[PDB]
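Structure file final_5.csv with CSV, C-alpha atoms and all ligand atoms:
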```csv
chain,number,residue,atom,x,y,z
A,35,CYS,CA,2.6,1.0,-52.2
A,36,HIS,CA,-1.2,1.3,-52.1
A,37,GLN,CA,-3.1,2.1,-48.9
A,38,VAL,CA,-1.0,1.3,-45.9
A,39,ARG,CA,-2.3,1.1,-42.4
A,59,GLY,CA,17.1,4.2,-52.0
A,60,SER,CA,17.2,3.6,-48.3
A,61,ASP,CA,18.6,5.3,-45.2
A,62,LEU,CA,16.3,4.0,-42.5
A,63,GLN,CA,17.3,3.4,-38.9
A,64,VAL,CA,14.9,0.7,-37.7
A,65,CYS,CA,13.4,-1.4,-40.6
A,66,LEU,CA,16.1,-3.6,-42.1
A,67,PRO,CA,15.6,-2.9,-45.8
A,68,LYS,CA,16.0,-6.0,-47.9
A,69,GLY,CA,15.6,-3.9,-51.0
A,70,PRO,CA,13.0,-1.2,-51.8
A,71,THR,CA,10.8,0.1,-49.0
A,72,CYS,CA,7.4,1.8,-48.8
A,73,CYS,CA,8.3,4.1,-45.9
A,74,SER,CA,10.7,6.9,-45.2
A,75,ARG,CA,12.6,8.0,-42.1
A,76,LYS,CA,9.6,10.1,-41.1
A,77,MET,CA,7.0,7.3,-41.3
A,78,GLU,CA,9.5,5.2,-39.4
A,79,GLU,CA,9.4,7.7,-36.6
A,80,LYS,CA,5.6,7.6,-36.7
A,81,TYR,CA,5.7,3.8,-36.3
A,82,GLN,CA,8.1,4.2,-33.4
A,83,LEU,CA,5.9,6.5,-31.3
A,84,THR,CA,2.8,4.4,-32.0
A,85,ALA,CA,4.7,1.4,-30.7
A,86,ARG,CA,5.4,3.3,-27.5
A,87,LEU,CA,1.7,4.2,-27.3
A,88,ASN,CA,0.7,0.6,-28.1
A,89,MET,CA,2.9,-1.0,-25.4
A,90,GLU,CA,1.6,1.5,-22.9
A,91,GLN,CA,-2.0,0.8,-23.6
A,92,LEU,CA,-1.3,-3.0,-23.4
A,93,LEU,CA,0.5,-2.6,-20.1
A,94,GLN,CA,-2.4,-0.5,-18.9
A,95,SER,CA,-4.9,-3.2,-19.8
A,96,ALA,CA,-2.8,-5.9,-18.2
A,97,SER,CA,-2.7,-4.0,-14.8
A,98,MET,CA,-6.2,-2.4,-14.8
A,99,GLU,CA,-8.2,-5.2,-13.1
A,100,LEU,CA,-5.7,-5.8,-10.3
A,101,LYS,CA,-5.2,-2.0,-9.8
A,102,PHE,CA,-9.0,-1.5,-9.4
A,103,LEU,CA,-9.2,-4.5,-7.0
A,104,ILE,CA,-6.7,-3.0,-4.6
A,105,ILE,CA,-8.1,0.5,-5.0
A,106,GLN,CA,-11.6,-0.9,-4.1
A,107,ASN,CA,-10.4,-2.5,-0.8
A,108,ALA,CA,-8.1,0.3,0.2
A,109,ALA,CA,-11.1,2.6,0.1
A,110,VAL,CA,-13.4,0.2,2.0
A,111,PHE,CA,-10.9,-0.8,4.7
A,112,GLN,CA,-9.9,2.8,5.3
A,113,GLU,CA,-13.5,3.8,6.1
A,114,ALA,CA,-14.2,0.6,8.0
A,115,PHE,CA,-11.2,1.4,10.3
A,116,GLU,CA,-12.2,5.0,10.5
A,117,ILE,CA,-15.6,3.9,11.7
A,118,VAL,CA,-14.1,1.7,14.4
A,119,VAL,CA,-12.0,4.7,15.7
A,120,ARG,CA,-15.0,7.1,15.7
A,121,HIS,CA,-17.1,4.5,17.6
A,122,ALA,CA,-14.5,3.8,20.2
A,123,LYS,CA,-14.0,7.6,20.7
A,124,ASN,CA,-17.7,8.2,21.4
A,125,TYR,CA,-18.0,5.1,23.6
A,126,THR,CA,-14.9,6.2,25.6
A,127,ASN,CA,-16.3,9.8,25.8
A,128,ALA,CA,-19.7,8.5,26.9
A,129,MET,CA,-18.2,6.2,29.6
A,130,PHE,CA,-16.3,9.2,31.0
A,131,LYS,CA,-19.4,11.4,31.0
A,132,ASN,CA,-21.4,8.6,32.8
A,133,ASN,CA,-18.8,7.4,35.3
A,134,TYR,CA,-16.4,10.4,35.8
A,135,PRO,CA,-18.5,13.5,35.3
A,136,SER,CA,-16.1,15.4,37.6
A,137,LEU,CA,-13.4,14.8,34.9
A,138,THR,CA,-15.5,16.5,32.1
A,139,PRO,CA,-15.1,18.5,30.0
A,140,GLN,CA,-11.3,17.9,30.2
A,141,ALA,CA,-11.8,14.2,29.5
A,142,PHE,CA,-13.7,15.1,26.3
A,143,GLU,CA,-10.5,16.9,25.2
A,144,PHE,CA,-7.7,14.4,26.0
A,145,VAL,CA,-9.9,11.5,24.7
A,146,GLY,CA,-10.3,13.4,21.5
A,147,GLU,CA,-6.5,14.1,21.4
A,148,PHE,CA,-5.8,10.4,21.7
A,149,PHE,CA,-8.2,9.0,19.2
A,150,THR,CA,-7.2,11.7,16.7
A,151,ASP,CA,-3.7,10.4,16.9
A,152,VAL,CA,-5.0,6.9,16.6
A,153,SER,CA,-6.5,7.5,13.2
A,154,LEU,CA,-3.5,9.6,12.1
A,155,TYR,CA,-1.1,6.8,13.1
A,156,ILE,CA,-3.3,4.2,11.3
A,157,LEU,CA,-3.1,6.3,8.1
A,158,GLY,CA,0.7,6.5,8.0
A,159,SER,CA,1.4,9.8,9.9
A,160,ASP,CA,4.5,10.1,12.0
A,161,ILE,CA,2.9,9.4,15.3
A,162,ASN,CA,4.6,7.7,18.3
A,163,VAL,CA,2.2,5.4,20.2
A,164,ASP,CA,4.1,5.8,23.5
A,165,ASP,CA,3.2,9.5,23.3
A,166,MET,CA,-0.6,9.1,22.8
A,167,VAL,CA,-0.7,7.0,25.9
A,168,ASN,CA,1.8,9.3,27.8
A,169,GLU,CA,0.1,12.5,26.7
A,170,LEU,CA,-3.2,10.9,27.7
A,171,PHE,CA,-2.0,10.1,31.2
A,172,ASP,CA,-0.2,13.4,31.5
A,173,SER,CA,-3.4,15.2,30.7
A,174,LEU,CA,-5.5,12.8,32.8
A,175,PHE,CA,-3.6,13.0,36.1
A,176,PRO,CA,-3.9,16.7,36.9
A,177,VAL,CA,-7.7,16.6,36.6
A,178,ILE,CA,-7.9,13.4,38.8
A,179,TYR,CA,-5.7,15.1,41.4
A,180,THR,CA,-7.7,18.4,41.4
A,181,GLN,CA,-11.2,17.0,40.9
A,182,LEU,CA,-11.3,13.4,42.4
A,183,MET,CA,-8.5,13.1,45.0
A,184,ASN,CA,-8.3,16.7,46.4
A,185,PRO,CA,-11.4,18.7,45.3
A,186,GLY,CA,-10.6,22.3,46.2
A,192,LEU,CA,-4.5,26.1,37.2
A,193,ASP,CA,-1.0,27.5,37.7
A,194,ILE,CA,0.0,24.2,39.3
A,195,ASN,CA,-0.8,22.1,36.2
A,196,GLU,CA,2.7,21.5,35.0
A,197,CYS,CA,4.1,20.3,38.3
A,198,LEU,CA,1.4,17.6,38.4
A,199,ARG,CA,2.2,16.6,34.7
A,200,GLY,CA,5.8,16.1,35.8
A,201,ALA,CA,5.0,14.4,39.1
A,202,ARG,CA,2.8,11.9,37.1
A,203,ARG,CA,5.9,10.3,35.6
A,204,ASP,CA,8.4,11.2,38.3
A,205,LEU,CA,6.2,9.4,40.9
A,206,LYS,CA,4.8,6.7,38.7
A,207,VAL,CA,1.3,7.3,40.0
A,208,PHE,CA,-0.4,4.9,37.4
A,209,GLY,CA,2.1,2.1,37.9
A,210,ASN,CA,2.4,-0.1,34.8
A,211,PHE,CA,-1.0,0.7,33.5
A,212,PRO,CA,0.5,3.1,30.8
A,213,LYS,CA,2.9,0.4,29.7
A,214,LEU,CA,0.1,-2.2,29.5
A,215,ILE,CA,-2.0,0.1,27.3
A,216,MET,CA,1.1,1.0,25.3
A,217,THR,CA,1.7,-2.7,24.3
A,218,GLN,CA,-2.1,-3.4,24.0
A,219,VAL,CA,-2.6,-0.7,21.4
A,220,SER,CA,0.8,-0.6,19.7
A,221,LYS,CA,0.4,-4.3,18.6
A,222,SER,CA,-3.1,-3.7,17.2
A,223,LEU,CA,-2.4,-0.3,15.7
A,224,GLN,CA,0.8,-1.5,14.0
A,225,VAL,CA,-0.9,-4.4,12.1
A,226,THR,CA,-3.7,-2.2,10.9
A,227,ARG,CA,-1.3,0.5,9.8
A,228,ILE,CA,0.9,-1.9,7.9
A,229,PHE,CA,-2.1,-3.5,6.2
A,230,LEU,CA,-3.1,-0.2,4.8
A,231,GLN,CA,0.5,0.6,3.9
A,232,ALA,CA,0.8,-2.6,2.0
A,233,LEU,CA,-2.5,-2.1,0.1
A,234,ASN,CA,-1.4,1.4,-1.0
A,235,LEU,CA,2.0,0.2,-1.9
A,236,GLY,CA,0.7,-2.5,-4.2
A,237,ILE,CA,-1.4,0.2,-5.9
A,238,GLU,CA,1.8,2.3,-6.3
A,239,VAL,CA,4.0,-0.5,-7.8
A,240,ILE,CA,1.2,-1.8,-10.2
A,241,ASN,CA,0.4,1.7,-11.3
A,242,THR,CA,4.2,2.2,-12.0
A,243,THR,CA,4.1,-0.9,-14.4
A,244,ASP,CA,2.1,0.8,-17.2
A,245,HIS,CA,4.6,3.7,-17.1
A,246,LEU,CA,7.8,1.5,-17.4
A,247,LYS,CA,10.2,3.0,-19.9
A,248,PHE,CA,12.1,0.5,-21.9
A,249,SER,CA,15.5,0.6,-23.7
A,250,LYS,CA,15.8,2.1,-27.1
A,251,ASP,CA,16.8,-1.2,-28.6
A,252,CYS,CA,13.5,-2.7,-27.3
A,253,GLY,CA,11.6,0.1,-28.9
A,254,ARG,CA,13.4,-0.5,-32.3
A,255,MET,CA,12.6,-4.2,-32.0
A,256,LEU,CA,9.0,-3.5,-31.1
A,257,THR,CA,8.7,-1.3,-34.2
A,258,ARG,CA,10.2,-4.0,-36.4
A,259,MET,CA,7.9,-6.6,-34.9
A,260,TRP,CA,4.6,-4.6,-35.1
A,261,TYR,CA,4.9,-2.2,-38.1
A,262,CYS,CA,8.0,-2.7,-40.3
A,263,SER,CA,6.1,-5.3,-42.4
A,264,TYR,CA,3.9,-2.4,-43.7
A,265,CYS,CA,7.2,-0.8,-44.9
A,266,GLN,CA,7.8,-3.8,-47.1
A,267,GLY,CA,4.3,-3.5,-48.5
A,268,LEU,CA,2.5,-6.4,-46.8
A,269,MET,CA,-1.1,-6.0,-45.5
A,270,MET,CA,-2.2,-9.0,-43.4
A,271,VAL,CA,1.1,-10.7,-42.3
A,272,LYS,CA,1.4,-11.0,-38.5
A,273,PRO,CA,4.6,-11.4,-36.4
A,274,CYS,CA,5.6,-14.9,-35.3
A,275,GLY,CA,4.8,-15.8,-31.7
A,276,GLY,CA,8.4,-17.1,-31.2
A,277,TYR,CA,9.7,-13.8,-32.6
A,278,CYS,CA,7.4,-12.1,-30.1
A,279,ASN,CA,8.7,-14.1,-27.2
A,280,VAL,CA,12.3,-13.5,-28.0
A,281,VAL,CA,11.5,-9.8,-28.4
A,282,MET,CA,9.3,-9.6,-25.3
A,283,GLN,CA,11.7,-11.6,-23.1
A,284,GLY,CA,14.4,-9.1,-24.2
A,285,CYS,CA,12.2,-6.1,-23.4
A,286,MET,CA,10.9,-7.4,-20.0
A,287,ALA,CA,14.3,-8.7,-18.8
A,288,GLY,CA,14.4,-6.5,-15.7
A,289,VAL,CA,10.6,-6.6,-15.2
A,290,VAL,CA,10.5,-10.4,-14.8
A,291,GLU,CA,12.9,-10.1,-11.8
A,292,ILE,CA,10.1,-8.4,-9.9
A,293,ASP,CA,8.1,-11.7,-9.9
A,294,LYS,CA,9.8,-13.3,-6.9
A,295,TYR,CA,9.3,-10.1,-4.8
A,296,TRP,CA,5.7,-9.7,-5.9
A,297,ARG,CA,4.9,-13.3,-5.0
A,298,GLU,CA,6.5,-12.8,-1.5
A,299,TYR,CA,4.4,-9.7,-1.1
A,300,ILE,CA,1.2,-11.7,-1.9
A,301,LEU,CA,2.2,-14.5,0.5
A,302,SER,CA,3.3,-12.1,3.2
A,303,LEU,CA,0.0,-10.4,2.9
A,304,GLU,CA,-1.8,-13.7,3.1
A,305,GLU,CA,0.2,-14.5,6.2
A,306,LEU,CA,-0.9,-11.3,7.9
A,307,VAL,CA,-4.6,-11.9,7.1
A,308,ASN,CA,-4.6,-15.6,8.2
A,309,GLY,CA,-3.1,-14.4,11.5
A,310,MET,CA,-5.8,-11.9,12.4
A,315,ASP,CA,-9.4,-7.0,17.0
A,316,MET,CA,-8.6,-3.3,16.9
A,317,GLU,CA,-12.2,-2.8,17.9
A,318,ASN,CA,-11.9,-4.8,21.2
A,319,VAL,CA,-8.6,-3.1,22.1
A,320,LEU,CA,-9.9,0.4,21.5
A,321,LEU,CA,-13.3,-0.4,23.1
A,322,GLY,CA,-11.5,-1.9,26.1
A,323,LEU,CA,-9.5,1.2,26.8
A,324,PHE,CA,-11.9,2.9,29.2
A,325,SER,CA,-12.1,-0.3,31.4
A,326,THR,CA,-8.3,-0.3,31.7
A,327,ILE,CA,-8.2,3.4,32.3
A,328,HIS,CA,-10.9,3.2,34.9
A,329,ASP,CA,-8.9,0.5,36.8
A,330,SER,CA,-5.8,2.8,36.5
A,331,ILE,CA,-7.8,5.6,38.1
A,332,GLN,CA,-8.8,3.1,40.9
A,333,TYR,CA,-5.1,2.2,41.4
A,334,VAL,CA,-4.2,5.9,41.8
A,335,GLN,CA,-6.9,6.6,44.4
A,336,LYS,CA,-5.8,3.6,46.4
A,337,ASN,CA,-2.8,5.8,47.4
A,338,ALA,CA,-4.5,9.3,47.6
A,339,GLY,CA,-3.7,9.6,51.3
A,340,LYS,CA,0.1,9.5,51.1
A,341,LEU,CA,0.3,10.7,47.5
A,342,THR,CA,-1.4,14.0,48.2
A,343,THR,CA,1.1,14.8,51.0
A,344,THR,CA,4.2,14.2,48.9
A,345,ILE,CA,2.8,16.1,45.9
A,346,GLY,CA,1.9,18.8,48.5
A,347,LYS,CA,5.6,19.0,49.3
A,348,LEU,CA,6.7,18.5,45.7
A,349,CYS,CA,4.3,21.2,44.5
A,383,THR,CA,-18.1,-9.8,7.4
A,384,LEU,CA,-15.0,-7.6,8.0
A,385,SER,CA,-12.9,-10.8,8.2
A,386,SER,CA,-15.0,-12.1,5.3
A,387,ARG,CA,-13.8,-9.2,3.2
A,388,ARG,CA,-10.2,-9.9,4.1
A,389,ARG,CA,-10.6,-13.5,2.9
A,390,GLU,CA,-12.3,-12.5,-0.4
A,391,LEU,CA,-9.5,-10.0,-1.1
A,392,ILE,CA,-6.8,-12.6,-0.5
A,393,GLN,CA,-8.7,-15.0,-2.8
A,394,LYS,CA,-8.8,-12.5,-5.6
A,395,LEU,CA,-5.2,-11.4,-4.9
A,396,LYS,CA,-3.8,-14.9,-5.2
A,397,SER,CA,-5.2,-15.2,-8.8
A,398,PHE,CA,-2.8,-12.4,-9.7
A,399,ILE,CA,0.3,-13.9,-8.0
A,400,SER,CA,1.9,-14.5,-11.5
A,401,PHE,CA,1.2,-11.0,-12.7
A,402,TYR,CA,4.9,-10.2,-13.5
A,403,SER,CA,5.7,-13.6,-14.9
A,404,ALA,CA,2.7,-13.8,-17.2
A,405,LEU,CA,3.1,-10.2,-18.4
A,406,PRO,CA,5.3,-10.9,-21.6
A,407,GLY,CA,2.8,-13.6,-22.6
A,408,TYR,CA,0.0,-11.1,-22.1
A,409,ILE,CA,1.6,-8.5,-24.5
A,410,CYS,CA,2.1,-11.2,-27.1
A,411,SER,CA,-1.3,-12.8,-26.8
A,412,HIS,CA,-3.2,-9.6,-26.7
A,413,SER,CA,-1.6,-8.3,-29.9
A,414,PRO,CA,-2.0,-9.8,-33.4
A,415,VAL,CA,0.6,-12.6,-33.6
A,416,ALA,CA,1.1,-15.8,-35.6
A,417,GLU,CA,1.7,-18.1,-32.6
A,418,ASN,CA,1.8,-20.9,-35.2
A,419,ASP,CA,5.2,-19.5,-36.4
A,420,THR,CA,4.1,-20.0,-40.1
A,421,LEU,CA,3.8,-17.4,-42.8
A,422,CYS,CA,4.9,-14.7,-40.3
A,423,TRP,CA,7.0,-11.6,-40.0
A,424,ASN,CA,10.4,-12.2,-38.3
A,425,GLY,CA,11.2,-8.4,-38.1
A,426,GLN,CA,12.8,-8.0,-41.5
A,427,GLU,CA,11.2,-10.6,-43.9
A,428,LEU,CA,8.2,-12.8,-44.3
A,429,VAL,CA,9.2,-16.4,-43.5
A,430,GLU,CA,7.7,-19.8,-43.7
A,431,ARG,CA,8.8,-21.0,-40.3
A,432,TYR,CA,10.5,-18.9,-37.6
A,433,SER,CA,13.8,-20.3,-36.5
A,434,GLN,CA,15.8,-18.4,-33.8
A,456,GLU,CA,16.4,-0.7,-14.6
A,457,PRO,CA,16.4,2.2,-12.0
A,458,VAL,CA,12.6,2.3,-11.8
A,459,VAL,CA,12.6,-1.5,-11.7
A,460,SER,CA,15.1,-1.5,-8.8
A,461,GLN,CA,12.9,1.0,-6.9
A,462,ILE,CA,10.0,-1.4,-7.2
A,463,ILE,CA,12.2,-4.2,-5.8
A,464,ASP,CA,13.3,-2.0,-2.9
A,465,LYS,CA,9.8,-1.0,-2.0
A,466,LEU,CA,8.6,-4.6,-2.2
A,467,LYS,CA,11.6,-5.7,-0.1
A,468,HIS,CA,10.8,-3.1,2.6
A,469,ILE,CA,7.1,-3.8,2.9
A,470,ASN,CA,7.8,-7.6,2.8
A,471,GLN,CA,10.1,-7.2,5.9
A,472,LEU,CA,7.4,-5.2,7.7
A,473,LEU,CA,4.8,-7.9,6.8
A,474,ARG,CA,7.0,-10.8,7.9
A,475,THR,CA,8.0,-9.3,11.3
A,476,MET,CA,4.4,-8.6,12.1
A,477,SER,CA,2.9,-12.1,11.8
B,1,LIG,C1,-18.5,9.5,16.9
B,1,LIG,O1,-17.2,10.1,16.9
B,1,LIG,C2,-16.8,10.9,15.7
B,1,LIG,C3,-15.4,11.4,16.0
B,1,LIG,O2,-15.0,12.3,15.0
B,1,LIG,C4,-17.8,12.0,15.6
B,1,LIG,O3,-17.5,12.7,14.4
B,1,LIG,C5,-19.2,11.5,15.5
B,1,LIG,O4,-20.2,12.5,15.4
B,1,LIG,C6,-19.5,10.7,16.8
B,1,LIG,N1,-20.9,10.2,16.8
B,1,LIG,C7,-21.7,10.7,17.8
B,1,LIG,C8,-21.1,11.6,18.8
B,1,LIG,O5,-22.9,10.3,17.8
B,2,LIG,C1,-0.3,6.5,-11.3
B,2,LIG,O1,0.9,7.0,-11.9
B,2,LIG,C2,0.7,8.2,-12.6
B,2,LIG,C3,2.0,8.6,-13.3
B,2,LIG,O2,3.1,7.9,-12.6
B,2,LIG,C4,0.3,9.3,-11.5
B,2,LIG,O3,0.1,10.5,-12.2
B,2,LIG,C5,-1.0,8.9,-10.8
B,2,LIG,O4,-1.3,9.8,-9.8
B,2,LIG,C6,-0.8,7.5,-10.2
B,2,LIG,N1,-2.0,7.0,-9.6
B,2,LIG,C7,-2.1,6.3,-8.5
B,2,LIG,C8,-3.4,5.9,-8.0
B,2,LIG,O5,-1.0,5.9,-8.0
```
Show the structure stored in the file as structure tokens.
Amino acid sequence: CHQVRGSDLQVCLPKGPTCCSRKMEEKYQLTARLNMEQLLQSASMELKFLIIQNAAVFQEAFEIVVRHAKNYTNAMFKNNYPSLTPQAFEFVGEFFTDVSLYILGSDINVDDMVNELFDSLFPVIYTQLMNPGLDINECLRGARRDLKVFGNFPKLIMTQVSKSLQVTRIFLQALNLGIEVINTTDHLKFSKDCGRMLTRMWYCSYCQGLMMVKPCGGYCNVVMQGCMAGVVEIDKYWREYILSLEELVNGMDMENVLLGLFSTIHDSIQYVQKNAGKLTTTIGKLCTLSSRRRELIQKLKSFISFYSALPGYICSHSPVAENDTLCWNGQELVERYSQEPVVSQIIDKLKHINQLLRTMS
């Protein structure tokens, strides 16, 4: 043994003498772990950055659309229903606040936003528009629904906005989930047998005192196919996630729906006032964007074989003798080579988001 870069070892199969002890064997084991990790990192980096890019852009683009709709809706109220301000400035803000929250994954029930909106809207219509001239607020909030003053305008808005806010939410959910599974890949822990085999493949030749010999490609594939056995099962679910995503995008907006809200609300106010006469009395008694989507799907399809091409990536981006001549077989230099929990969580997450994508478009 010159420079290197009995027997009681536990990894390197000792044909006879050996250059390395049990302690240098443990060194070689940890550097195999570090090496596999770096390689997995490099495999997943470009795809990870792609989805990180678009998740950040699309989130702001959608946030811009909500802010613009809020101000337009606020301005339309200020201009057409000044008697309803400043109260309108408050329930419009309440609604679009929940819009963004619902878009970004918060537990928000759409039927509320609409119902809270109309529950807040009706008392100020009654007091300021229908019968001009504080303790009686809660009665009017209850009579709004008990007397169905807006007809089916709330249901109409409910379906108008729930369909458009659901697709936008799920699109952001799927982008962030892809980041989360791909980022999990470079942290995948493998079996101890795989680690011992990786050590034999990459480093045990130095223990026999060889300097330039590389492992056989065939030996690398048998080793890698054995290491990535659970990982390759993820391929079919990843391909369905890509295709389901491509389905959603080809089917697509939220701007028109949210911009159109004031028009629908205004007609709902007109409906109510068509009944002010009798309604007062009873209440008296009672009381390039699309271009970005395309380019993302284009780049995303180029990575559709990520999990199936992964073992080949590790073998090709490490020194191997793909020729299978004068190569290291794990225990001797040969002339020609002859012969889950975390994974299941990735599966489950891909299954869940793939249902959500399917049943949308
Ligand atoms: C548009 O709406 C958003 C809502 O948060 C607000 O921050 C922004 O200042 C508005 N722009 C105006 C009022 O010019
Ligand atoms: C990636 O995974 C690591 C470890 O699991 C975690 O610390 C990090 O926050 C994750 N990053 C993203 C963007 O998911």
**OP:** Taking all atoms listed in the file into account, report as a ChimeraX atom specification which residues have an atom no farther than 10 Å from an atom of ligand LIG 1 (chain B).
**Re:** /A:116-128,146,149-150,153
Can you tell me, as an mmCIF file with C-alpha atoms, in the coordinates of the input, what residues are no more than 12 Å from residue 214 (chain A) when counting all atoms listed in the file, ignoring any on the same chain fewer than 3 positions away?
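result_28.cif, written as the output of this step:
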```
data_model
loop_
_atom_site.group_PDB
_atom_site.id
_atom_site.type_symbol
_atom_site.label_atom_id
_atom_site.label_comp_id
_atom_site.auth_asym_id
_atom_site.auth_seq_id
_atom_site.Cartn_x
_atom_site.Cartn_y
_atom_site.Cartn_z
ATOM 1 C CA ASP A 164 4.100 5.800 23.500
ATOM 2 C CA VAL A 167 -0.700 7.000 25.900
ATOM 3 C CA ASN A 168 1.800 9.300 27.800
ATOM 4 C CA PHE A 208 -0.400 4.900 37.400
ATOM 5 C CA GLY A 209 2.100 2.100 37.900
ATOM 6 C CA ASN A 210 2.400 -0.100 34.800
ATOM 7 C CA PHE A 211 -1.000 0.700 33.500
ATOM 8 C CA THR A 217 1.700 -2.700 24.300
ATOM 9 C CA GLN A 218 -2.100 -3.400 24.000
ATOM 10 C CA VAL A 219 -2.600 -0.700 21.400
ATOM 11 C CA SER A 220 0.800 -0.600 19.700
ATOM 12 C CA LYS A 221 0.400 -4.300 18.600
ATOM 13 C CA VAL A 319 -8.600 -3.100 22.100
ATOM 14 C CA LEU A 323 -9.500 1.200 26.800
ATOM 15 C CA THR A 326 -8.300 -0.300 31.700
ATOM 16 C CA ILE A 327 -8.200 3.400 32.300
ATOM 17 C CA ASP A 329 -8.900 0.500 36.800
ATOM 18 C CA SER A 330 -5.800 2.800 36.500
#
```
Subject >> CA of residue 412 (chain A) to CA of residue 291 (chain A), straight-line distance in Å >> reply: 21.9 Å
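Atom pair CA of residue 429 (chain A) / CA of residue 76 (chain A) has a distance of 26.6 Å (rounded to one decimal).
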Original post:
Neighbours of residue 158 (chain A) within 9 Å (all atoms listed in the file; same-chain residues fewer than 2 positions away dropped), as an MDAnalysis selection string?
Top reply: chainID A and resid 153:156 160:161 227:228 230:231
**OP:** Name the residues, using the chain letters and numbers of the file, that sit within 8 Å of (5.1, -14.3, -36.1) when counting only C-alpha atoms, and give them as a count of residues only.
**Re:** 18
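Using all atoms listed in the file, the smallest distance between any of A:235, A:92, A:85, A:100 and ligand LIG 2 (chain B) comes from A:235.
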Original post:
Looking at A:73, A:237, A:223, A:383, which one is nearest to residue 151 (chain A), with distances taken over all atoms listed in the file?
Top reply: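 Checking each of A:73, A:237, A:223, A:383 against residue 151 (chain A), counting all atoms listed in the file, the winner is A:223.
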Original post:
Can you tell me, as a PyMOL selection string, what residues are no more than 10 Å from residue 238 (chain A) when counting only C-alpha atoms, ignoring any on the same chain fewer than 4 positions away?
Top reply: chain A and resi 101+232-234+242-243+462+465
Subject >> Selected residue, from A:342, A:95, A:332, A:385, that lies nearest to residue 201 (chain A) when counting all atoms listed in the file >> reply: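 Using all atoms listed in the file, the shortest distance to residue 201 (chain A) belongs to A:342.
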Subject >> Residues near residue 82 (chain A), cut-off 10 Å, all atoms listed in the file, skip fewer than 4 positions along chain, as a PyMOL selection string >> reply: chain A and resi 64+76-78+86-88+253-258+260-262
Some atoms are missing, so please complete region 117-127 of chain A with N, CA, C and O atoms and return it as a PDB file, in the frame of the given file.
```
ATOM      1  N   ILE A 117     -14.384   4.128  10.915  1.00  0.00           N
ATOM      2  CA  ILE A 117     -15.600   3.900  11.700  1.00  0.00           C
ATOM      3  C   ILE A 117     -15.330   3.359  13.039  1.00  0.00           C
ATOM      4  O   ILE A 117     -15.898   3.797  14.049  1.00  0.00           O
ATOM      5  N   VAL A 118     -14.435   2.368  13.102  1.00  0.00           N
ATOM      6  CA  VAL A 118     -14.100   1.700  14.400  1.00  0.00           C
ATOM      7  C   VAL A 118     -13.477   2.722  15.340  1.00  0.00           C
ATOM      8  O   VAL A 118     -13.720   2.657  16.553  1.00  0.00           O
ATOM      9  N   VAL A 119     -12.681   3.667  14.832  1.00  0.00           N
ATOM     10  CA  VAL A 119     -12.000   4.700  15.700  1.00  0.00           C
ATOM     11  C   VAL A 119     -13.074   5.660  16.208  1.00  0.00           C
ATOM     12  O   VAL A 119     -13.088   6.011  17.394  1.00  0.00           O
ATOM     13  N   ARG A 120     -13.951   6.140  15.321  1.00  0.00           N
ATOM     14  CA  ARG A 120     -15.000   7.100  15.700  1.00  0.00           C
ATOM     15  C   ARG A 120     -15.897   6.425  16.808  1.00  0.00           C
ATOM     16  O   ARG A 120     -16.238   7.068  17.807  1.00  0.00           O
ATOM     17  N   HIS A 121     -16.285   5.164  16.606  1.00  0.00           N
ATOM     18  CA  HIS A 121     -17.100   4.500  17.600  1.00  0.00           C
ATOM     19  C   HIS A 121     -16.465   4.346  18.916  1.00  0.00           C
ATOM     20  O   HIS A 121     -17.082   4.579  19.960  1.00  0.00           O
ATOM     21  N   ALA A 122     -15.188   3.969  18.918  1.00  0.00           N
ATOM     22  CA  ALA A 122     -14.500   3.800  20.200  1.00  0.00           C
ATOM     23  C   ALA A 122     -14.331   5.175  20.883  1.00  0.00           C
ATOM     24  O   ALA A 122     -14.428   5.243  22.114  1.00  0.00           O
ATOM     25  N   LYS A 123     -14.111   6.252  20.124  1.00  0.00           N
ATOM     26  CA  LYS A 123     -14.000   7.600  20.700  1.00  0.00           C
ATOM     27  C   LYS A 123     -15.236   7.963  21.474  1.00  0.00           C
ATOM     28  O   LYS A 123     -15.186   8.402  22.629  1.00  0.00           O
ATOM     29  N   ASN A 124     -16.390   7.802  20.817  1.00  0.00           N
ATOM     30  CA  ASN A 124     -17.700   8.200  21.400  1.00  0.00           C
ATOM     31  C   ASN A 124     -18.011   7.314  22.601  1.00  0.00           C
ATOM     32  O   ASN A 124     -18.498   7.807  23.625  1.00  0.00           O
ATOM     33  N   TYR A 125     -17.768   6.007  22.485  1.00  0.00           N
ATOM     34  CA  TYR A 125     -18.000   5.100  23.600  1.00  0.00           C
ATOM     35  C   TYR A 125     -17.108   5.537  24.801  1.00  0.00           C
ATOM     36  O   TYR A 125     -17.582   5.629  25.939  1.00  0.00           O
ATOM     37  N   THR A 126     -15.827   5.807  24.539  1.00  0.00           N
ATOM     38  CA  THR A 126     -14.900   6.200  25.600  1.00  0.00           C
ATOM     39  C   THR A 126     -15.352   7.590  26.170  1.00  0.00           C
ATOM     40  O   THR A 126     -15.291   7.798  27.388  1.00  0.00           O
ATOM     41  N   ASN A 127     -15.802   8.510  25.311  1.00  0.00           N
ATOM     42  CA  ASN A 127     -16.300   9.800  25.800  1.00  0.00           C
ATOM     43  C   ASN A 127     -17.563   9.591  26.651  1.00  0.00           C
ATOM     44  O   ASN A 127     -17.707  10.219  27.709  1.00  0.00           O
TER      45      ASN A 127
END
```
